[PDB]
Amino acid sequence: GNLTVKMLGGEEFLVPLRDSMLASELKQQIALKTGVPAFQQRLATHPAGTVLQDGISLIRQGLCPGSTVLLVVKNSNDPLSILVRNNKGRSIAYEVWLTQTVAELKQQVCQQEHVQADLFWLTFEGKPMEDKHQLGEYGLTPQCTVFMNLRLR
C-alpha cells in the first residue's frame, strides 16, 4: 500500500501507508523523504481538500492505498526576539525565526557565552531541544526564555 503525495505544480512522490499511521507520522515520513520539516507541512485530501487531523489514523480518515494527499508548505520566517539564560542567571537577547533549527540557535549562544556547542544543551519549558529540529516545534513566543544547561563532558 502506497500513498501519493502531490505538491503545488504537480510534483508527486510515494509514501508507504500503514493502517494505524497517524497524520503527524505522515508528516515525519514526508520530512524524511523530502526535507520539508514537519511543522511546515499542511496536509489535505484529494479532491475534497479536507485537512488531515494529526491525531487520527489515516485509514480512519478515508485514506487507503492509492489515495492522494495534497501538501502545501507554510513558512513562518517571521523574526522574533527571545532570551537565552546561562547557568549564572544572565540573559542575552537573540533574534530568530521559527523556521531556524536548534543547531543554528546554539551557534549564536556559542559565540556569546564562549562555550563549545557540545558542552551544553538547550531547554524550553523543561523540554530539551534537539539540534536538527526547528524552533517552531517547541512553540517559542516573543521574549520567552530558553535555558542553557552545561554538560560535564
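Residue indices: 1-based, along the sequence shown.
- Per-stretch averaging of Cα B factors for 120-128 and 53-61 places 53-61 on top.
- For the two regions 8-16 and 130-138, the entry's Cα B-factors average higher over 130-138.
- For the set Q41, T34, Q100, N86, the maximum C-alpha B-factor listed in the entry falls on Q100.
- In the PDB entry, a CA B factor belonging to the lowest third of its chain's modelled residues is recorded for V69.
- In the deposited entry, the Cα temperature factor of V109 sits in the middle third of values across the chain's modelled residues.
- In the deposited entry, the Cα temperature factor of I30 places it in the lowest third of its chain's modelled residues.
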